[PDB]
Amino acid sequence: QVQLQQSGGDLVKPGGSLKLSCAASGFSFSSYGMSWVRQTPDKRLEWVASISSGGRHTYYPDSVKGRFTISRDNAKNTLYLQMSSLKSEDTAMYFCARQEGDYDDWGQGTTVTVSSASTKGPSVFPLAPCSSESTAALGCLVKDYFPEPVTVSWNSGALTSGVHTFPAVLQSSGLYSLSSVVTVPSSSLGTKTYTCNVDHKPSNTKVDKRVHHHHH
């Protein structure tokens, strides 16, 4: 199973530097060119860098030339992107991809946010109604974090049906907030428990919150 596991998202000041890593497994790493592709906040895709299988040839668009360096460790099966003199335009989700140009496999992505603001970890709050009785709803409010992203799962990934995790909103404070909810038949409330798993890697925050069926 081809696998490209990338480093966590991170905040960098303008002009700052950062090194991203992508650990590959499940294929002959030393036989493939590798690439970095980024997705900007407007969801456009932009090629960032490519490297030949052995590392002799590196390729860059003019927008990053002299600032970014792509490298690879064929013993560790790891791909790197050293970023420097970072600009606000560099804010994006950076994907590690197999092949130089014909991207057959993609990593999960690393969010890089270039800004002067400081990191803030989220507060996680339960969402539960005060009380049709067919469907019931429980949730988690993930409030006031920076930068993006947070990831949310339920019951350590065992629960996927009925889960709605909303896109984050930017509050007037400059902090992000997001909610995730589960909608279940009311009969399920009797015997099942519902726990939201929240991860904010930029602040090293991991929280599991069991949400109770009634408000206190």
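All residue numbers are counted from 1 along the displayed sequence.
Unmodelled residues of the deposited sequence between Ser131 and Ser132: 1 to 3. Look at the mean CA B-factor for 141-149 and for 69-77 in the entry; the higher one is 69-77. Annotation for 207-215 versus 4-12: the higher mean temperature factor (C-alpha) is found in 207-215. Residue set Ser180, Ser63, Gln39, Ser35: peak C-alpha B-factor at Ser63 (per PDB entry). Highest C-alpha temperature factor among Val48, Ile51, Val184, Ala168 per the entry: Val184.
In the deposited entry, the Cα temperature factor of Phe29 sits in the top third of values across the chain's modelled residues. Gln82: CA B factor lies in the lowest third for its chain, per the PDB record.
Among all modelled residues in its chain, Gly101 ranks in the highest third by Cα B-factor.
Sort the modelled residues of the chain by CA B factor and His200 lands in the lowest third.
Annotation for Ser123: CA B-factor lies in the middle third of the chain's modelled residues.
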